[PDB]
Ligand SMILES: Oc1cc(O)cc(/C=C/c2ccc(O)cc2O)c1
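Consider the single chain below, provided in structure tokens and representing the form solved without this ligand.
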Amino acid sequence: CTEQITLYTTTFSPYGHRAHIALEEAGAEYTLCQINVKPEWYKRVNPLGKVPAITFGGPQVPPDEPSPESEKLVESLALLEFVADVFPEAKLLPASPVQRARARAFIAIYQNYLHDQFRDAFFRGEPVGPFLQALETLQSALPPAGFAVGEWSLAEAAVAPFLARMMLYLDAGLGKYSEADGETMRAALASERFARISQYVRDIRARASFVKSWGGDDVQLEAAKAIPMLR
């Protein structure tokens, strides 16, 4: 693929991180534009200020000067599938329809059962119980080794940014949860109940594409400590 590709994300967004992983896995040639957690020009990417976004094709332009020709795309999971469609050679999904369906179902488990709990527990200080159960549900869909469908796929691009932050926040004591709920979760994730999901995060954090788009625990940790809803 030779069309130009620009990924727009706010500096520490897990949604942009999704697309960043996928572009790295794809070996894509792309421009990354990070906006500070908003400039007047961004209305030319998306009039509603929606982030992340990808511009595709049109002339090569600096990201703060998006062309009228380029196609503008939003919605992080669609962006994942889009990178895969543009770079089929990279096999960002497995080859078999059955395995691509399992990968997609894994992402559904995250979106439909865990995502909202993670937010309730870490950002709203709601009871932590449902979060742990949903984390276990996701964990139960993992095979005993490798990634969600064996090899790395869009499933990892989708969930890695969130699981990695959940752990980091948890290790750092960040989140609106009670001191007691904080302890319940910390012991939850260090217990054997969650050995699998913790190794999964480890294997994720070792992945080059993740390493490059994470920027390091220290940077994420400093961004982390500036989020009002983590207190």
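The numbering used is simple: start at 1 and walk along the sequence shown.
Same protein, other form: the form deposited with this ligand bound, not shown, and the subject of what follows.
Of the listed positions (116, 136, 71, 151), a single one reaches within 4.5 angstroms of this ligand by any non-hydrogen atom in the deposited complex, namely 116.
This chain appears without its partner; in the deposited complex, the one residue of 30, 169, 42, 200 with a heavy atom within 4.5 Å of this ligand is 169.
The chain is drawn here without this ligand; in the deposited complex, the stretch among 57-65, 183-191, 160-168, 43-51 whose residues come within 4.5 Å of it by any heavy atom is 160-168. Proximity of residue 210 to this ligand in the deposited complex: non-hydrogen atoms within 4.5 Å are absent; the residue sits far from the partner. For residue 1, no non-hydrogen atom is located within 4.5 Å of this ligand in the deposited complex, even though that partner is not displayed. When contacts are judged by a 4.5 Å heavy atom cut-off, residue 227 counts as touching this ligand in the deposited complex.
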